[PDB]
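K.L.:
If you scroll down you'll find the structure; I have some questions about it.
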Amino acid sequence: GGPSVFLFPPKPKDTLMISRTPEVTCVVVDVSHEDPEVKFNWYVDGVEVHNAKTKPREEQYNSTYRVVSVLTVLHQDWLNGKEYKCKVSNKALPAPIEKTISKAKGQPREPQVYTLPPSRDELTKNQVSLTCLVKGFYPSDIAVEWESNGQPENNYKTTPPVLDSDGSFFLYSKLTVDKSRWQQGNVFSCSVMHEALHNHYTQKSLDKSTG
Amino acid sequence: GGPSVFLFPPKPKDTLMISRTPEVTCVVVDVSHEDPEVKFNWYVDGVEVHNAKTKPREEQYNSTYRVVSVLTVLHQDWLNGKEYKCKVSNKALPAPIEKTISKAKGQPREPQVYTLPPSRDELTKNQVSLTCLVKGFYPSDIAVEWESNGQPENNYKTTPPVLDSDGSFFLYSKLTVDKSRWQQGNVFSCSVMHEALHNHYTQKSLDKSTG
Amino acid sequence: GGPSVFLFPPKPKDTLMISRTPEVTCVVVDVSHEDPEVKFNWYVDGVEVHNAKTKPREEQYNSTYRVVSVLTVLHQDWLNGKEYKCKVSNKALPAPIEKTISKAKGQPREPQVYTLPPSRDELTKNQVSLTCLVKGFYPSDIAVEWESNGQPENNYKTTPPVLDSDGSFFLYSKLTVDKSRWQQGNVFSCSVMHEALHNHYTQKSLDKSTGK
């Protein structure tokens, strides 16, 4: 059990928004250095793929050369129903195993996005927390970001999507900003990129929601 | 090689208060059936103790011995952060693989609980969701539950503790209630339990006239 | 010179919290002053205990002595209704007496917690008093503590439980704070620790912005 191959899904943001190329990464881990003959094969829908980028093997803390194989995949190919399997052939590895991963879930569901203002107990703190509730989406592949005046706010942490009683998923996005910024009247928009939304994008703005 | 040990920490609800008895899970299951003799010596936090509650041997359909060797945990023991090593062994497993769990991590921090009224967009739907933001706690062991008029409200889901930018953790509790029930004079309270709180318990009441 | 056991019940906070839970005391009074032996035996529903501690006899100035005995008691046992009999034997009183204490039987009722602000006539004083009306609980075993901003408050006094008209009990907890802290918008809350409460705990916040 030397080569332990792990296949990871593409980036949930880049798989529907065009800023970076989404990519299935199939990188073996804890691989011995005595067998540098590794063949990487992709057989999505039975068709071999030969334009993938082959990162050179990198030395780790142990005596393992980390060979990295990355495949550039179009957004619309992963968005529809297409199964991606990674086949790795090694001399020490007995028989290559196809790691079947895909986005072919049951049925896409449009998330409902709600921006919640900070509690009045939080207003005494120096930094207030801005909450964006994104609920209702069935595929866990989602991207929730924050922005203010058209520029991103990187001081946010988003919970992983968890499954509720409806069978869909929900998460939360907490944005930490200064109390002066919130009390000055500045607006903040929670940007959500789910494949079931219109144009794969929605945005809800909160600056003062009282009533 | 052979026998395997998967240690489960006690639930925070069980180990934090009196409502449940904190029972650690020192399962020594999947012992290889070739040798029935195992070596057991309960070395709790490095010192052998007389307490040794071992289940009788159970033979599974996978030709592996299963024993649920659980133990009751004193509420003062986990506060001190002492270890709970069982030090299991076998002839086919000469090295003990007891991956001991201790709660003594870092410095505990008090959670800052904030309850959030639903946004105006949620009032259209018949399912109104209430939000409890629990932030600032460093140990991930925390239990959050909702209340209404002193009775439990089990139609809630909680995100896992997400690590924050200050080294502490945070999570959210989402309680879905009826729109008419929320718009009536019904109050709701989210109560959290954490080892750094006063009396290991705090709560915030969410009313229709809060935000 | 007749040793009668003064049974001390466990602390109501220790009954359902995890702070000092197994503390149960069986201190005897008016013990004999000419017998150097003390025979103790706790009978948890007639079963002998195995982990108990008895203090050596201390000098009492009223021609007597005082003995302290403490047994670790499980939290779920007392709560449910188990009976403990720390039987005390001596030479002056030959046949030992089996005295028991437990939680009071009957249907437990949950307490209704109410926070009342300081009155208008108390705003002239420099120290206002905050009251916590806890009414409707049938077992008298209850712990009421005040807190603010997650930190405990110690300048509080709680009345003993008073039997109500319907058979339940009620009490008040008076927390005396400075008028500056009350008018600053600081939030205070009385925590009620009762058996019939859900999660054995209930808080009720009291703040300046509590009226209209």
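A quick note on method: Cβ atoms are made from the backbone with ideal geometry, for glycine too, and the neighbour counts reach across all protein chains shown. Laboratory data are not the source of any read-out in this text; all were calculated from the coordinates shown.
K.L.:
Just B:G136, B:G106, B:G81 to compare: in a GNM of chain B, with alpha carbon springs under 10 Å, which one fluctuates most?
P.N.:
Among B:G136, B:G106, B:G81, the largest GNM mean-square fluctuation belongs to B:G106.
K.L.:
Need the C-alpha centroid separation for the range A:28-65 versus the range A:184-203, integer Å.
P.N.:
Cα centroid of the range A:28-65 versus Cα centroid of the range A:184-203: 38 Å apart.
K.L.:
On to the next question. What order, most packed first, do the peptides B:13-22, B:47-56, B:88-97 have when packing is the mean number of other Cβ atoms within 10 Å of each residue? Provide the component values of the computation, followed by the final result.
P.N.:
On the way: B:13-22: 19.0, B:47-56: 10.9, B:88-97: 15.8.
Peptide ranking by packing, descending: B:13-22, B:88-97, B:47-56.
K.L.:
Report, in listed order, any pair from B:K11/B:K157; C:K105/C:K174; B:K103/B:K157 with a Cα-Cα distance greater than 20 Å. All intermediate terms of the calculation are to be shown ahead of the outcome.
P.N.:
Working: B:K11/B:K157 16 Å; C:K105/C:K174 29 Å; B:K103/B:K157 25 Å.
Violating the 20 Å Cα-Cα cut-off are C:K105/C:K174; B:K103/B:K157.
K.L.:
Here's something else I'd like to know. Calculate the mean, over all residues of peptide B:58-70, of how many other protein chain Cβ atoms lie within 10 angstrom of the residue's Cβ.
P.N.:
Details: counts 0, 0, 0, 0, 0, 0, 0, 0, 0, 0, 0, 0, 0.
Taking all residues of B:58-70 together, the mean is 0.
K.L.:
Could you please report the charge total around B:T72, scoring K, R as +1 and D, E as -1 over all other residues with beta-carbon less than 15 angstrom from its beta-carbon? It would help to have the intermediate numbers written out before the result.
P.N.:
Values: positive: B:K11, B:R20, B:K53, B:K55, B:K82; negative: B:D14, B:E23, B:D77, C:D77.
The answer is +1.
K.L.:
Mind listing the long-range amide H neighbours of A:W146? Cut-off is under 5 Å, sequence gap 5 or more, other chains count too, H placed in the peptide plane at 1.01 Å from N.
P.N.:
A:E153, A:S191
K.L.:
Would you mind ranking A:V177, A:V28 so that the residue whose beta carbon has the fewest other beta carbons within 10 Å leads the list?
P.N.:
Numbers: A:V177 19, A:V28 23.
Least to most surrounded, the residues fall as A:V177, A:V28.
K.L.:
In addition: For C:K135, go through the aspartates and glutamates and keep the ones whose alpha-carbon is under 13 Å away, minus same-chain ones fewer than eight residues off.
P.N.:
Partners found: C:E110, C:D164, C:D166.
K.L.:
What is the average number of partner chain Cβ atoms found within 10 Å of a Cβ in C:183-193?
P.N.:
Details: counts 0, 0, 1, 0, 2, 0, 4, 0, 5, 0, 2.
So the per-residue partner count for this stretch is 1.
K.L.:
I would also like to ask the following. Considering chain C as a Gaussian network with a 10 Å cut-off on Cα pairs, which listed residue, C:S32, C:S189, C:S173, attains the greatest mean-square fluctuation?
P.N.:
Its mean-square fluctuation being the largest, the pick is C:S32.
K.L.:
Can you tell me the FRET efficiency between C:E59 and B:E59 if r is taken as the Cβ-Cβ distance and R0 is 56 Å, rounded to the nearest 0.05? Before the final figure, lay out each step's value.
P.N.:
Numbers: r = 63 Å, r/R0 = 1.13.
Using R0 = 56 Å, I get an efficiency of 0.35.
K.L.:
Can you list the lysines whose alpha carbon sits under 18 Å from that of A:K91, skipping same-chain ones fewer than 8 residues off?
P.N.:
A:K91 reaches A:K39.
K.L.:
Moving to a separate point now. Can you pull the mean other chain C-beta count within 10 Å for peptide A:156-169?
P.N.:
Working: counts 1, 7, 2, 8, 3, 1, 7, 1, 6, 6, 3, 0, 0, 0.
Taking the mean over all residues of the peptide, I get 3.
K.L.:
Amide H to amide H under 5 Å from B:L116: which residues, 5+ apart in sequence or cross-chain, H placed 1.01 Å off N in plane?
P.N.:
Here the answer is B:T131, B:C132, B:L133, since their amide H atoms fall under 5 Å of that of B:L116.
K.L.:
Separate question: Once the Cβ-Cβ distance between C:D45 and A:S205 is put in as r, and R0 is 51 Å, what FRET efficiency do you end up with, to the nearest 0.05?
P.N.:
0.20
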